[PDB]
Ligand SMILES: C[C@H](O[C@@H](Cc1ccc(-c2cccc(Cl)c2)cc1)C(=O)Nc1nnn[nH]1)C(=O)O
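In structure tokens, the next block holds one chain alone, the form deposited without this ligand.
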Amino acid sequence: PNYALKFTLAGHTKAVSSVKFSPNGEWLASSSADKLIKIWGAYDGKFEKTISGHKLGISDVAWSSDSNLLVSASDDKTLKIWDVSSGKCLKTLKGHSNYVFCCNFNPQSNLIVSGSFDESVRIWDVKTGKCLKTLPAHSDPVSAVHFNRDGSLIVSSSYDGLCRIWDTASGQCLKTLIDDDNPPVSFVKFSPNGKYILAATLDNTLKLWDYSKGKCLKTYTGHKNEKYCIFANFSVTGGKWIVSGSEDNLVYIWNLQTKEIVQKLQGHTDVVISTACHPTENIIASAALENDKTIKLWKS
């Protein structure tokens, strides 16, 4: 690929924590330690609006499949469901006993899954805002949570070194994945086709697992990741790549099949904590920490 810097989005007053493109490709949502969520035009990077309400820093924000809602996870121990068009906070999800770190809607956007420093994973009803189930999932902070293609499964990752797959309906632990070493698992998500799980560990490594067989199929290395929970993505609009931020302030792009690094994006002045891939165009959004505070849009 040939990703080139097109726009730089300035606005957050503290480290950016996550960036996500809306499923309809129109917008980019960002969360920050500054307690705010900001919306930007996906193609022109034009600032759209700011959504406020959280009392402390935000670690994650995610879109509902129809692009109408957002859910955010904050250190104020709550998650908030927002109506993007009006900016309204529809519900504040209370239940976690410690910082909420990660969140996602299921495919039908009728449920939300969250991970917390309280070591649990919670499943919430979107319409009522009530917690339906609490899973005693891990023995250390939960770094990521994601639903599979049909929402029947949830994958979670934790500093305890484990990746676990849960049955959404029963809450039973169906599988625990871990390799020959036990470094903290800082991020995890299912692949677009739902067959695999991409997991990041704080030993500078990304791995693609066939969770059904419980085997590691690919390993991606070359970047730096030993301290922060950096997101990773499957880029599918053009070539099939793996994308991730790095602690050396660069965005890394690997060939998913060959595992070779195909490009490194330079420009940020601090750790690239989050990256997102546009659903239809070859566009990548990247966000950096405290010494940088900006979001960058790259196009190939």
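Residue numbers run from 1 along the displayed sequence.
This next part talks about the form deposited with this ligand bound, which is not shown.
Undergrad: Using the spot this ligand takes in the bound PDB entry, and overlaying the site C-alphas onto this chain, is the pocket open or blocked (blocked: 3 or more ligand atoms within 2.4 Å of backbone or C-beta atoms)?
TA: After C-alpha superposition the pocket is blocked.
Undergrad: To test your reading of this chain, name the stretch in 173-181, 87-95, 121-129, 186-194 whose heavy atoms come within 4.5 Å of this ligand in the bound PDB entry.
TA: Going through the listed ranges, the match is 186-194.
Undergrad: Taking 4.5 Å between heavy atoms as the contact cutoff, choose which of 69, 256, 250, 39 touches this ligand in the bound PDB entry.
TA: That would be 256.
Undergrad: Exactly one of 46, 264, 49, 240 has a non-hydrogen atom within 4.5 Å of this ligand in the bound PDB entry; which residue is it?
TA: Of the candidates 46, 264, 49, 240, 240 is the one lying within 4.5 Å of this ligand in the bound PDB entry.
Undergrad: Is this ligand in the bound PDB entry near all of 135, 147 and 154, within 4.5 Å of a heavy atom of each?
TA: Zero of three within 4.5 Å in the bound PDB entry.
Undergrad: Looking at the partner-bound form in the bound PDB entry, is residue 27 within 4.5 Å of this ligand by any heavy atom?
TA: Residue 27: no, not in contact with this ligand in the bound PDB entry.
Undergrad: How about residue 63 - does it come within 4.5 Å of this ligand in the bound PDB entry, if we only consider non-hydrogen atoms?
TA: Contact with this ligand, no.
Undergrad: Would residue 169 sit within 4.5 Å of this ligand in the bound PDB entry, counting heavy atoms only?
TA: No - in the bound PDB entry, heavy atoms of residue 169 and this ligand never come within 4.5 Å of each other.
Undergrad: Determine whether any heavy atom of residue 208 comes within 4.5 Å of a heavy atom of this ligand in the bound PDB entry, and answer yes or no.
TA: Contact with this ligand, yes.
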